[PDB]
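K.L.:
Have a peek at structure.csv (CSV, C-alpha atoms and all ligand atoms).
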```
chain,number,residue,atom,x,y,z
I,1,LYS,CA,-19.3,-19.9,-34.5
I,2,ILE,CA,-16.2,-17.7,-35.1
I,3,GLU,CA,-14.4,-19.2,-38.0
I,4,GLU,CA,-10.7,-19.9,-37.4
I,5,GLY,CA,-8.2,-18.3,-39.7
I,6,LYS,CA,-10.3,-15.2,-40.3
I,7,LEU,CA,-11.0,-12.1,-38.3
I,8,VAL,CA,-14.6,-10.8,-38.2
I,9,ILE,CA,-14.7,-7.3,-36.8
I,10,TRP,CA,-17.8,-5.4,-35.6
I,11,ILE,CA,-17.5,-1.6,-35.5
I,12,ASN,CA,-20.2,1.1,-35.6
I,13,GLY,CA,-21.3,2.6,-38.9
I,14,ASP,CA,-20.3,6.2,-37.9
I,15,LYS,CA,-16.8,4.9,-37.2
I,16,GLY,CA,-14.2,4.3,-39.9
I,17,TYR,CA,-15.0,0.7,-40.9
I,18,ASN,CA,-13.6,1.2,-44.4
I,19,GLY,CA,-10.3,2.4,-42.9
I,20,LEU,CA,-10.4,-0.6,-40.5
I,21,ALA,CA,-11.0,-2.8,-43.6
I,22,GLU,CA,-7.9,-1.2,-45.1
I,23,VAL,CA,-6.0,-2.2,-42.0
I,24,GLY,CA,-7.5,-5.7,-42.4
I,25,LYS,CA,-6.3,-5.8,-46.0
I,26,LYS,CA,-2.8,-4.9,-44.8
I,27,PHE,CA,-3.2,-7.7,-42.2
I,28,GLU,CA,-4.2,-10.1,-44.9
I,29,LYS,CA,-1.4,-9.1,-47.2
I,30,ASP,CA,1.1,-9.8,-44.4
I,31,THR,CA,-0.4,-12.9,-42.7
I,32,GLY,CA,-2.7,-14.6,-45.2
I,33,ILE,CA,-5.7,-14.1,-42.9
I,34,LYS,CA,-8.9,-12.4,-44.2
I,35,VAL,CA,-10.3,-9.7,-42.1
I,36,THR,CA,-13.9,-8.9,-42.6
I,37,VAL,CA,-15.1,-5.6,-41.1
I,38,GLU,CA,-18.8,-5.4,-40.5
I,39,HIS,CA,-21.0,-2.6,-39.1
I,40,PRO,CA,-24.2,-4.4,-37.9
I,41,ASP,CA,-27.0,-2.1,-36.8
I,42,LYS,CA,-27.3,-2.1,-33.0
I,43,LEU,CA,-24.0,-4.0,-32.7
I,44,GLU,CA,-23.6,-3.0,-29.0
I,45,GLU,CA,-26.8,-4.9,-28.3
I,46,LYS,CA,-26.1,-7.7,-30.9
I,47,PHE,CA,-22.7,-8.7,-29.7
I,48,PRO,CA,-23.9,-9.8,-26.3
I,49,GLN,CA,-26.5,-12.1,-27.8
I,50,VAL,CA,-24.2,-13.7,-30.4
I,51,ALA,CA,-21.2,-13.8,-28.1
I,52,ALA,CA,-23.3,-15.5,-25.5
I,53,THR,CA,-24.3,-18.0,-28.2
I,54,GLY,CA,-20.5,-18.3,-28.9
I,55,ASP,CA,-21.0,-16.7,-32.4
I,56,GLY,CA,-20.0,-13.2,-33.3
I,57,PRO,CA,-17.2,-11.0,-34.4
I,58,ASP,CA,-13.6,-12.0,-33.5
I,59,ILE,CA,-13.0,-8.4,-32.5
I,60,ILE,CA,-15.8,-6.1,-31.2
I,61,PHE,CA,-15.3,-2.3,-31.4
I,62,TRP,CA,-17.4,0.0,-29.1
I,63,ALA,CA,-16.9,2.5,-26.4
I,64,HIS,CA,-15.6,0.9,-23.3
I,65,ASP,CA,-18.8,1.4,-21.3
I,66,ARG,CA,-20.2,-1.7,-22.9
I,67,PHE,CA,-17.2,-3.9,-22.4
I,68,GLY,CA,-17.6,-4.1,-18.6
I,69,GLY,CA,-20.9,-5.7,-19.1
I,70,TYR,CA,-19.5,-7.9,-21.8
I,71,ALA,CA,-16.6,-9.0,-19.5
I,72,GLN,CA,-19.0,-9.7,-16.7
I,73,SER,CA,-21.0,-11.9,-19.1
I,74,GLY,CA,-17.7,-13.5,-20.0
I,75,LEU,CA,-17.9,-12.4,-23.6
I,76,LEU,CA,-14.5,-10.7,-23.7
I,77,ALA,CA,-11.3,-12.6,-23.6
I,78,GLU,CA,-8.9,-10.9,-21.2
I,79,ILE,CA,-6.4,-9.1,-23.5
I,80,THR,CA,-2.8,-9.7,-22.6
I,81,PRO,CA,-0.7,-6.8,-23.9
I,82,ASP,CA,2.8,-6.7,-22.7
I,83,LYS,CA,4.0,-3.8,-20.6
I,84,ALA,CA,5.7,-2.2,-23.6
I,85,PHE,CA,2.4,-2.1,-25.6
I,86,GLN,CA,0.6,-0.7,-22.5
I,87,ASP,CA,3.3,2.0,-22.4
I,88,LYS,CA,2.5,2.7,-26.0
I,89,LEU,CA,-1.1,3.4,-25.1
I,90,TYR,CA,-2.4,6.0,-22.6
I,91,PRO,CA,-2.9,4.8,-19.0
I,92,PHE,CA,-6.3,6.4,-18.7
I,93,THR,CA,-7.4,4.6,-21.8
I,94,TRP,CA,-6.1,1.4,-20.2
I,95,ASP,CA,-8.1,2.3,-17.0
I,96,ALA,CA,-11.2,2.7,-19.3
I,97,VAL,CA,-10.7,-0.8,-20.6
I,98,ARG,CA,-9.9,-2.3,-17.2
I,99,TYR,CA,-12.7,-4.4,-15.6
I,100,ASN,CA,-12.3,-6.2,-12.3
I,101,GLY,CA,-8.6,-5.8,-12.4
I,102,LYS,CA,-8.2,-7.1,-15.9
I,103,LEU,CA,-7.8,-5.5,-19.3
I,104,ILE,CA,-10.8,-6.7,-21.3
I,105,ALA,CA,-10.4,-4.6,-24.5
I,106,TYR,CA,-7.8,-2.8,-26.4
I,107,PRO,CA,-8.3,1.0,-26.2
I,108,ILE,CA,-8.3,2.6,-29.7
I,109,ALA,CA,-9.4,6.2,-29.3
I,110,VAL,CA,-10.9,8.6,-26.9
I,111,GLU,CA,-14.2,10.1,-28.1
I,112,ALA,CA,-16.0,13.0,-26.6
I,113,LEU,CA,-18.9,15.0,-27.9
I,114,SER,CA,-18.0,18.5,-29.0
I,115,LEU,CA,-20.1,21.4,-30.3
I,116,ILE,CA,-19.7,21.6,-34.1
I,117,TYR,CA,-20.9,24.8,-35.5
I,118,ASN,CA,-21.1,26.3,-39.0
I,119,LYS,CA,-18.7,29.3,-39.0
I,120,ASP,CA,-20.6,31.0,-41.8
I,121,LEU,CA,-23.9,30.7,-40.0
I,122,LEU,CA,-22.3,31.2,-36.6
I,123,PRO,CA,-19.0,33.1,-36.5
I,124,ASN,CA,-18.9,32.5,-32.7
I,125,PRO,CA,-20.5,29.5,-31.1
I,126,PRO,CA,-22.5,30.2,-28.0
I,127,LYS,CA,-20.6,29.6,-24.8
I,128,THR,CA,-23.7,28.8,-22.9
I,129,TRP,CA,-26.8,26.7,-23.6
I,130,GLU,CA,-29.1,29.6,-22.5
I,131,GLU,CA,-27.8,31.7,-25.5
I,132,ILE,CA,-29.2,29.0,-27.9
I,133,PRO,CA,-32.9,30.0,-27.7
I,134,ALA,CA,-32.2,33.6,-28.8
I,135,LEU,CA,-29.6,32.5,-31.3
I,136,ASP,CA,-32.2,30.0,-32.8
I,137,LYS,CA,-34.8,32.8,-33.0
I,138,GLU,CA,-32.3,34.9,-35.0
I,139,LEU,CA,-31.4,32.0,-37.2
I,140,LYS,CA,-35.0,31.0,-37.8
I,141,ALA,CA,-35.4,34.5,-39.1
I,142,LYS,CA,-32.7,33.6,-41.6
I,143,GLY,CA,-34.2,30.2,-42.5
I,144,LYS,CA,-31.8,28.3,-40.3
I,145,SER,CA,-31.7,26.4,-37.0
I,146,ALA,CA,-29.2,27.1,-34.3
I,147,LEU,CA,-28.7,23.6,-33.0
I,148,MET,CA,-29.7,20.2,-34.4
I,149,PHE,CA,-28.2,17.2,-32.7
I,150,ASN,CA,-29.3,13.6,-32.1
I,151,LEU,CA,-32.0,13.5,-29.4
I,152,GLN,CA,-32.8,9.8,-29.8
I,153,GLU,CA,-29.4,8.8,-28.3
I,154,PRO,CA,-28.8,9.5,-24.6
I,155,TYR,CA,-25.2,10.0,-25.3
I,156,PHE,CA,-25.7,13.4,-27.1
I,157,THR,CA,-28.2,14.7,-24.5
I,158,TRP,CA,-26.1,13.6,-21.6
I,159,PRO,CA,-23.6,16.6,-21.5
I,160,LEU,CA,-26.6,18.9,-20.8
I,161,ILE,CA,-28.0,16.6,-18.1
I,162,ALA,CA,-24.6,16.1,-16.4
I,163,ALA,CA,-23.6,19.8,-16.6
I,164,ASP,CA,-25.6,20.9,-13.5
I,165,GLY,CA,-25.1,17.8,-11.4
I,166,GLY,CA,-26.4,14.8,-13.3
I,167,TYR,CA,-24.3,11.6,-13.1
I,168,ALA,CA,-24.7,8.0,-14.1
I,169,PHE,CA,-23.2,6.5,-10.9
I,170,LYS,CA,-21.5,7.8,-7.9
I,171,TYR,CA,-17.8,7.2,-8.2
I,172,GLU,CA,-15.9,7.4,-4.9
I,173,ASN,CA,-13.0,5.4,-3.6
I,174,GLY,CA,-12.3,4.0,-7.0
I,175,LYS,CA,-15.6,2.2,-7.1
I,176,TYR,CA,-18.8,3.3,-8.8
I,177,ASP,CA,-21.9,3.1,-6.6
I,178,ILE,CA,-24.6,1.2,-8.5
I,179,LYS,CA,-27.1,2.2,-5.9
I,180,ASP,CA,-26.3,5.9,-6.2
I,181,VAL,CA,-27.5,7.4,-9.4
I,182,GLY,CA,-27.7,11.1,-10.3
I,183,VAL,CA,-30.2,11.2,-13.2
I,184,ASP,CA,-33.1,12.3,-11.1
I,185,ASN,CA,-31.2,14.9,-9.1
I,186,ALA,CA,-31.8,18.6,-9.5
I,187,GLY,CA,-28.9,19.2,-11.9
I,188,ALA,CA,-30.0,16.4,-14.2
I,189,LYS,CA,-33.6,17.8,-14.0
I,190,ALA,CA,-32.3,21.2,-14.9
I,191,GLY,CA,-30.4,19.9,-17.9
I,192,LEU,CA,-33.3,17.8,-19.2
I,193,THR,CA,-35.8,20.6,-18.5
I,194,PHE,CA,-33.7,23.0,-20.6
I,195,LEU,CA,-33.5,20.5,-23.5
I,196,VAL,CA,-37.3,20.0,-23.3
I,197,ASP,CA,-37.9,23.7,-23.2
I,198,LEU,CA,-35.8,24.0,-26.3
I,199,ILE,CA,-38.1,21.4,-27.9
I,200,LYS,CA,-41.3,23.0,-26.6
I,201,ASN,CA,-40.2,26.4,-27.8
I,202,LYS,CA,-39.4,24.7,-31.2
I,203,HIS,CA,-35.7,25.6,-31.1
I,204,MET,CA,-35.2,21.8,-31.4
I,205,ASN,CA,-37.4,19.0,-32.7
I,206,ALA,CA,-37.8,15.9,-30.5
I,207,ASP,CA,-37.8,13.6,-33.5
I,208,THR,CA,-34.4,14.8,-34.5
I,209,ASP,CA,-32.0,11.8,-34.8
I,210,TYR,CA,-28.4,11.4,-35.9
I,211,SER,CA,-29.1,11.3,-39.6
I,212,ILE,CA,-31.4,14.3,-39.5
I,213,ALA,CA,-29.0,16.4,-37.5
I,214,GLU,CA,-26.0,15.4,-39.6
I,215,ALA,CA,-27.8,16.1,-42.8
I,216,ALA,CA,-29.1,19.5,-41.5
I,217,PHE,CA,-25.6,20.5,-40.5
I,218,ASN,CA,-23.9,19.3,-43.6
I,219,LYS,CA,-26.5,21.0,-45.9
I,220,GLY,CA,-25.9,24.2,-43.9
I,221,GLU,CA,-29.5,24.2,-42.5
I,222,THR,CA,-28.4,24.2,-38.8
I,223,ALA,CA,-25.8,26.4,-37.3
I,224,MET,CA,-24.6,23.9,-34.7
I,225,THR,CA,-24.6,20.2,-34.1
I,226,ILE,CA,-23.3,18.1,-31.2
I,227,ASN,CA,-21.3,15.1,-32.5
I,228,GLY,CA,-18.2,13.1,-32.1
I,229,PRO,CA,-15.1,13.2,-34.3
I,230,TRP,CA,-16.5,10.5,-36.6
I,231,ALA,CA,-18.9,13.1,-38.1
I,232,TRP,CA,-16.1,15.3,-39.1
I,233,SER,CA,-15.4,13.4,-42.3
I,234,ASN,CA,-19.0,13.9,-43.5
I,235,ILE,CA,-18.8,17.6,-42.6
I,236,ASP,CA,-15.6,17.8,-44.6
I,237,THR,CA,-17.3,16.2,-47.6
I,238,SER,CA,-20.2,18.6,-47.2
I,239,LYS,CA,-17.7,21.6,-47.4
I,240,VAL,CA,-19.5,23.4,-44.6
I,241,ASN,CA,-17.1,25.8,-42.9
I,242,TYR,CA,-17.2,24.3,-39.5
I,243,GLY,CA,-15.5,24.5,-36.2
I,244,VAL,CA,-15.2,22.0,-33.3
I,245,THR,CA,-15.4,23.7,-29.9
I,246,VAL,CA,-16.2,23.1,-26.3
I,247,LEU,CA,-19.8,22.2,-25.5
I,248,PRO,CA,-21.9,25.1,-24.2
I,249,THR,CA,-22.0,25.6,-20.4
I,250,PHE,CA,-25.3,25.1,-18.6
I,251,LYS,CA,-26.0,27.2,-15.5
I,252,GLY,CA,-22.4,28.4,-15.6
I,253,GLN,CA,-21.1,24.8,-15.5
I,254,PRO,CA,-19.4,22.9,-18.3
I,255,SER,CA,-21.4,20.4,-20.2
I,256,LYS,CA,-19.9,17.0,-19.3
I,257,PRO,CA,-20.0,14.7,-22.3
I,258,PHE,CA,-19.7,11.1,-21.3
I,259,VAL,CA,-16.3,10.2,-22.5
I,260,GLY,CA,-16.0,7.0,-24.5
I,261,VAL,CA,-12.8,5.2,-25.3
I,262,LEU,CA,-13.4,3.4,-28.5
I,263,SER,CA,-12.2,-0.1,-27.6
I,264,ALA,CA,-11.5,-3.4,-29.4
I,265,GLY,CA,-12.6,-6.4,-27.4
I,266,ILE,CA,-11.7,-9.9,-28.4
I,267,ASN,CA,-14.6,-12.4,-28.2
I,268,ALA,CA,-13.9,-15.1,-25.6
I,269,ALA,CA,-15.5,-17.6,-28.0
I,270,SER,CA,-13.0,-16.6,-30.7
I,271,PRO,CA,-10.5,-19.3,-31.8
I,272,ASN,CA,-8.6,-16.4,-33.4
I,273,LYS,CA,-7.6,-14.6,-30.2
I,274,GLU,CA,-3.9,-14.7,-31.2
I,275,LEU,CA,-4.8,-13.4,-34.7
I,276,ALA,CA,-7.0,-10.7,-33.1
I,277,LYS,CA,-4.2,-9.6,-30.7
I,278,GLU,CA,-1.7,-9.5,-33.6
I,279,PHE,CA,-4.1,-7.4,-35.7
I,280,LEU,CA,-4.9,-4.9,-32.9
I,281,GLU,CA,-1.5,-4.5,-31.5
I,282,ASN,CA,0.7,-4.6,-34.6
I,283,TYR,CA,-1.7,-3.5,-37.3
I,284,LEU,CA,-4.5,-1.4,-35.8
I,285,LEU,CA,-2.8,0.1,-32.7
I,286,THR,CA,0.0,1.5,-34.8
I,287,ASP,CA,0.4,4.9,-36.4
I,288,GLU,CA,-0.4,3.6,-39.9
I,289,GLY,CA,-3.4,1.5,-38.9
I,290,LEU,CA,-4.9,4.3,-36.7
I,291,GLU,CA,-4.3,6.7,-39.6
I,292,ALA,CA,-6.1,4.3,-42.0
I,293,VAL,CA,-9.2,4.2,-39.7
I,294,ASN,CA,-8.9,7.9,-38.9
I,295,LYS,CA,-8.8,8.9,-42.6
I,296,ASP,CA,-12.1,7.1,-43.2
I,297,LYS,CA,-13.7,8.7,-40.1
I,298,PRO,CA,-11.8,10.6,-37.4
I,299,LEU,CA,-11.4,8.6,-34.3
I,300,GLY,CA,-10.8,11.5,-31.9
I,301,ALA,CA,-7.9,11.3,-29.6
I,302,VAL,CA,-6.3,8.0,-30.1
I,303,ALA,CA,-5.2,5.8,-27.2
I,304,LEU,CA,-1.8,5.4,-29.0
I,305,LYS,CA,0.5,8.1,-27.7
I,306,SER,CA,2.6,8.4,-30.8
I,307,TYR,CA,-0.4,8.9,-33.1
I,308,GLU,CA,-2.1,11.2,-30.7
I,309,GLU,CA,0.8,13.6,-30.4
I,310,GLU,CA,0.2,14.2,-34.1
I,311,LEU,CA,-3.6,14.2,-33.6
I,312,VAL,CA,-3.6,16.6,-30.7
I,313,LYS,CA,-2.3,19.3,-33.0
I,314,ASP,CA,-5.7,19.3,-34.8
I,315,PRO,CA,-7.9,22.0,-33.3
I,316,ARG,CA,-10.9,19.6,-33.6
I,317,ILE,CA,-9.0,17.0,-31.6
I,318,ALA,CA,-8.0,19.7,-29.1
I,319,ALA,CA,-11.7,20.6,-28.7
I,320,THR,CA,-12.5,16.9,-28.3
I,321,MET,CA,-10.0,16.6,-25.5
I,322,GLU,CA,-11.2,19.8,-23.9
I,323,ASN,CA,-14.7,18.4,-23.8
I,324,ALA,CA,-13.3,15.1,-22.6
I,325,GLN,CA,-11.6,16.8,-19.7
I,326,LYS,CA,-14.8,18.7,-18.8
I,327,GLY,CA,-16.8,15.4,-19.1
I,328,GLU,CA,-16.5,12.2,-17.2
I,329,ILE,CA,-15.0,9.0,-18.6
I,330,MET,CA,-17.9,6.6,-18.7
I,331,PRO,CA,-18.1,3.9,-16.1
I,332,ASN,CA,-17.5,0.6,-17.9
I,333,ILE,CA,-19.5,-1.3,-15.3
I,334,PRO,CA,-22.3,-3.7,-16.4
I,335,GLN,CA,-25.0,-1.3,-15.0
I,336,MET,CA,-24.1,1.2,-17.7
I,337,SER,CA,-26.2,-0.5,-20.3
I,338,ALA,CA,-29.2,-0.3,-18.1
I,339,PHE,CA,-28.2,3.3,-17.4
I,340,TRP,CA,-28.1,4.2,-21.1
I,341,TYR,CA,-31.4,2.5,-21.8
I,342,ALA,CA,-33.1,4.3,-18.9
I,343,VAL,CA,-31.7,7.7,-19.9
I,344,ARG,CA,-32.7,7.0,-23.5
I,345,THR,CA,-36.3,6.4,-22.4
I,346,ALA,CA,-36.2,9.5,-20.1
I,347,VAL,CA,-34.9,11.9,-22.8
I,348,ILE,CA,-37.2,10.5,-25.5
I,349,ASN,CA,-40.3,10.7,-23.2
I,350,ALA,CA,-39.5,14.1,-21.9
I,351,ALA,CA,-38.7,15.5,-25.4
I,352,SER,CA,-41.9,14.1,-26.8
I,353,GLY,CA,-43.9,15.3,-23.8
I,354,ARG,CA,-45.0,11.7,-23.0
I,355,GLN,CA,-43.5,12.1,-19.6
I,356,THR,CA,-42.6,15.2,-17.6
I,357,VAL,CA,-38.9,15.8,-17.1
I,358,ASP,CA,-39.3,14.8,-13.4
I,359,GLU,CA,-41.3,11.7,-14.2
I,360,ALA,CA,-38.9,10.6,-16.9
I,361,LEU,CA,-35.8,11.2,-14.7
I,362,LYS,CA,-37.5,9.4,-11.7
I,363,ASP,CA,-38.2,6.4,-14.0
I,364,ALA,CA,-34.6,6.6,-15.3
I,365,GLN,CA,-33.3,6.7,-11.7
I,366,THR,CA,-35.3,3.6,-10.8
I,367,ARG,CA,-34.0,1.8,-13.9
I,368,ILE,CA,-30.4,2.9,-13.7
I,369,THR,CA,-30.4,1.6,-10.1
I,370,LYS,CA,-31.8,-1.6,-11.3
F,401,LIG,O1,-26.6,7.0,-26.4
F,401,LIG,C1,-26.2,5.9,-25.4
F,401,LIG,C2,-24.9,5.3,-25.9
F,401,LIG,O2,-23.8,6.2,-25.6
F,401,LIG,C3,-22.6,5.8,-26.1
F,401,LIG,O3,-22.6,5.5,-27.5
F,401,LIG,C4,-22.0,6.5,-28.3
F,401,LIG,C5,-20.6,6.1,-28.7
F,401,LIG,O4,-19.7,6.2,-27.5
F,401,LIG,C6,-20.1,7.0,-29.8
F,401,LIG,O5,-18.8,6.5,-30.2
F,401,LIG,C7,-21.1,7.0,-30.9
F,401,LIG,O6,-21.3,5.8,-31.5
F,401,LIG,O7,-22.3,7.6,-30.4
F,401,LIG,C8,-22.9,6.7,-29.5
F,401,LIG,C9,-24.3,7.2,-29.1
F,401,LIG,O8,-25.1,7.1,-30.2
F,401,LIG,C10,-22.2,4.5,-25.4
F,401,LIG,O9,-20.9,4.0,-25.8
F,401,LIG,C11,-23.3,3.5,-25.7
F,401,LIG,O10,-23.0,2.3,-25.0
F,401,LIG,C12,-24.6,4.0,-25.2
F,401,LIG,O11,-25.7,3.1,-25.5
```
Translate this structure into structure tokens?
Ligand SMILES: OC[C@H]1O[C@H](O[C@H]2[C@H](O)[C@@H](O)[C@@H](O)O[C@@H]2CO)[C@H](O)[C@@H](O)[C@@H]1O
P.N.:
Amino acid sequence: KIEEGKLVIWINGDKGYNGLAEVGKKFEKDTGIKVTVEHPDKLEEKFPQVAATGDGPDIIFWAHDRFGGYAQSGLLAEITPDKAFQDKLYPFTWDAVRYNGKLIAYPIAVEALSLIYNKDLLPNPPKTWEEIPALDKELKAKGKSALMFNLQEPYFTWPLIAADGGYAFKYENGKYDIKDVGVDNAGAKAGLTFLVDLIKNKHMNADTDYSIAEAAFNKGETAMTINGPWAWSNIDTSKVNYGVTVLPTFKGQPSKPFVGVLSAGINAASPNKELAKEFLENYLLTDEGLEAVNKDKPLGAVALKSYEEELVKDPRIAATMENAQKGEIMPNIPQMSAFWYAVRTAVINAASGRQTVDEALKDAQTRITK
């Protein structure tokens, strides 16, 4: 199951698992408790299965969106931070990790997609999406692509879809409407249609995924990429002169990236809940622990106020927060998994041409409602 006396931690590969392992080494040096940090592939899907079995990580790291479904399943132990620690973290991050009136994960960092552009290839990033086709034509003349970003994951395409009116679920009266879904509305169709026109006009390739986009940007092949702060470390190693900026507007409206608070959830099956709480509150959710994770891969804005006051000074973090303000914090509700699956199918099918934009978004609407 979950072995006692040890912390097993699941965090995504793009995130700073090596820095988190450094925090775990500090935790071991102080407490005698080994912390093993693992980055299983598809961990957001894997943790529900193993946690339902009672196996799994002691601590699960993901964006909050997935923790509401976990808590509904009962996978997450209700975290019990005292009011002082909640004061240390930002209230909106706490709201992101609140599910059914209970805090079900520890917020670590706020992550929003930003437009990352190569300043040498692109001295000024386009302010609008509509500029990108002409910019791509000019760059293709130069042997370069204007924009390469992950098209397999709905999370990267979502800002374009949301910009003109697309939404996952209607939020009103402090309650998301699971029945009311905005992916097949006109604004979402406009965003997906623009993306598919970029693919059809060969400004973008439908097969482009996270690895291809990151490699193209880091090698200098593409002028722009859309990515979270975690990519900044690889761009820094690449030595590409890059800026992090607001996502381009679509139809005069800001791209709304779905805003994810990286969250640490304690497995309800874990016999190490006290050790996990100790690690997260006094080792991770501290300036030094967040610095260790951030140094491996930038976390974005951090839920911890004291570290974020230092982090906000970074222009890249400022762009992340600007894009987070323009975007919507994700709903953490259980329906969000189904929403992400349906939007993934819609974007992939529309990009490939397997389905029209309208057919894909209609199917996505039916599946996000279900
Ligand atoms: O693409 C759907 C996906 O979106 C979000 O996952 C993000 C995550 O928030 C980022 O930190 C980073 O890992 O990129 C991911 C997308 O590849 C949701 O958190 C996730 O549940 C959802 O499936």
K.L.:
Compute the set of protein, DNA and RNA residues whose minimum atom distance to ligand LIG 401 (chain F) is at most 9 Å, using all atoms listed in the file, and state it as a CSV table (one decimal) with C-alpha atoms, in the coordinates of the input.
P.N.:
```csv
chain,number,residue,atom,x,y,z
I,12,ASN,CA,-20.2,1.1,-35.6
I,13,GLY,CA,-21.3,2.6,-38.9
I,14,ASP,CA,-20.3,6.2,-37.9
I,15,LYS,CA,-16.8,4.9,-37.2
I,44,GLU,CA,-23.6,-3.0,-29.0
I,45,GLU,CA,-26.8,-4.9,-28.3
I,62,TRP,CA,-17.4,0.0,-29.1
I,63,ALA,CA,-16.9,2.5,-26.4
I,64,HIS,CA,-15.6,0.9,-23.3
I,65,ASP,CA,-18.8,1.4,-21.3
I,66,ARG,CA,-20.2,-1.7,-22.9
I,67,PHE,CA,-17.2,-3.9,-22.4
I,110,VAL,CA,-10.9,8.6,-26.9
I,111,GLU,CA,-14.2,10.1,-28.1
I,112,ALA,CA,-16.0,13.0,-26.6
I,113,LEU,CA,-18.9,15.0,-27.9
I,150,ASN,CA,-29.3,13.6,-32.1
I,151,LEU,CA,-32.0,13.5,-29.4
I,152,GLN,CA,-32.8,9.8,-29.8
I,153,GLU,CA,-29.4,8.8,-28.3
I,154,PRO,CA,-28.8,9.5,-24.6
I,155,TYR,CA,-25.2,10.0,-25.3
I,156,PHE,CA,-25.7,13.4,-27.1
I,157,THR,CA,-28.2,14.7,-24.5
I,158,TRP,CA,-26.1,13.6,-21.6
I,210,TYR,CA,-28.4,11.4,-35.9
I,227,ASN,CA,-21.3,15.1,-32.5
I,228,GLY,CA,-18.2,13.1,-32.1
I,229,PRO,CA,-15.1,13.2,-34.3
I,230,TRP,CA,-16.5,10.5,-36.6
I,258,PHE,CA,-19.7,11.1,-21.3
I,259,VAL,CA,-16.3,10.2,-22.5
I,260,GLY,CA,-16.0,7.0,-24.5
I,261,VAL,CA,-12.8,5.2,-25.3
I,262,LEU,CA,-13.4,3.4,-28.5
I,299,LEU,CA,-11.4,8.6,-34.3
I,330,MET,CA,-17.9,6.6,-18.7
I,336,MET,CA,-24.1,1.2,-17.7
I,337,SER,CA,-26.2,-0.5,-20.3
I,338,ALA,CA,-29.2,-0.3,-18.1
I,339,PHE,CA,-28.2,3.3,-17.4
I,340,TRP,CA,-28.1,4.2,-21.1
I,341,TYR,CA,-31.4,2.5,-21.8
I,343,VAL,CA,-31.7,7.7,-19.9
I,344,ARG,CA,-32.7,7.0,-23.5
```
K.L.:
Hey, can you check how far atom CA of residue I:252 sits from atom CA of residue I:318?
P.N.:
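Spanning atom CA of residue I:252 to atom CA of residue I:318 is a straight-line distance of 21.6 Å.
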K.L.:
Which distance in Å separates atom CA of residue I:57 and atom CA of residue I:279, to one decimal?
P.N.:
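Distance between the two atoms: 13.6 Å.
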K.L.:
I'd like to know which of I:173, I:31, I:80, I:225 is closest to residue I:117, using only C-alpha atoms.
P.N.:
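For residue I:117, the nearest of the candidates is I:225.
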K.L.:
Which residues are near residue I:190? Cut-off 10 Å, only C-alpha atoms, ignore same chain within fewer than 2 positions. Put them as an MDAnalysis selection string.
P.N.:
chainID I and resid 160:166 184:188 192:196 250:251 357:358
K.L.:
For the point (-8.6, 0.3, -45.0) in file coordinates, what residues are within 12 Å, counting only C-alpha atoms? Give the answer as a PDB file with C-alpha atoms, in the coordinates of the input?
P.N.:
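Final output, result.pdb:
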```pdb
ATOM      1  CA  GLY I  16     -14.200   4.300 -39.900  1.00  0.00           C
ATOM      2  CA  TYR I  17     -15.000   0.700 -40.900  1.00  0.00           C
ATOM      3  CA  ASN I  18     -13.600   1.200 -44.400  1.00  0.00           C
ATOM      4  CA  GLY I  19     -10.300   2.400 -42.900  1.00  0.00           C
ATOM      5  CA  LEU I  20     -10.400  -0.600 -40.500  1.00  0.00           C
ATOM      6  CA  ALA I  21     -11.000  -2.800 -43.600  1.00  0.00           C
ATOM      7  CA  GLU I  22      -7.900  -1.200 -45.100  1.00  0.00           C
ATOM      8  CA  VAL I  23      -6.000  -2.200 -42.000  1.00  0.00           C
ATOM      9  CA  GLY I  24      -7.500  -5.700 -42.400  1.00  0.00           C
ATOM     10  CA  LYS I  25      -6.300  -5.800 -46.000  1.00  0.00           C
ATOM     11  CA  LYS I  26      -2.800  -4.900 -44.800  1.00  0.00           C
ATOM     12  CA  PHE I  27      -3.200  -7.700 -42.200  1.00  0.00           C
ATOM     13  CA  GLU I  28      -4.200 -10.100 -44.900  1.00  0.00           C
ATOM     14  CA  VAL I  35     -10.300  -9.700 -42.100  1.00  0.00           C
ATOM     15  CA  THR I  36     -13.900  -8.900 -42.600  1.00  0.00           C
ATOM     16  CA  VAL I  37     -15.100  -5.600 -41.100  1.00  0.00           C
ATOM     17  CA  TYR I 283      -1.700  -3.500 -37.300  1.00  0.00           C
ATOM     18  CA  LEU I 284      -4.500  -1.400 -35.800  1.00  0.00           C
ATOM     19  CA  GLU I 288      -0.400   3.600 -39.900  1.00  0.00           C
ATOM     20  CA  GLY I 289      -3.400   1.500 -38.900  1.00  0.00           C
ATOM     21  CA  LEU I 290      -4.900   4.300 -36.700  1.00  0.00           C
ATOM     22  CA  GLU I 291      -4.300   6.700 -39.600  1.00  0.00           C
ATOM     23  CA  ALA I 292      -6.100   4.300 -42.000  1.00  0.00           C
ATOM     24  CA  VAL I 293      -9.200   4.200 -39.700  1.00  0.00           C
ATOM     25  CA  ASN I 294      -8.900   7.900 -38.900  1.00  0.00           C
ATOM     26  CA  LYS I 295      -8.800   8.900 -42.600  1.00  0.00           C
ATOM     27  CA  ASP I 296     -12.100   7.100 -43.200  1.00  0.00           C
ATOM     28  CA  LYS I 297     -13.700   8.700 -40.100  1.00  0.00           C
TER      29      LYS I 297
END
```
K.L.:
Which residue, I:139, I:268, I:122, I:76, has the smallest gap to residue I:241 when you use all atoms listed in the file?
P.N.:
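Ranking I:139, I:268, I:122, I:76 by distance to residue I:241, first place goes to I:122.
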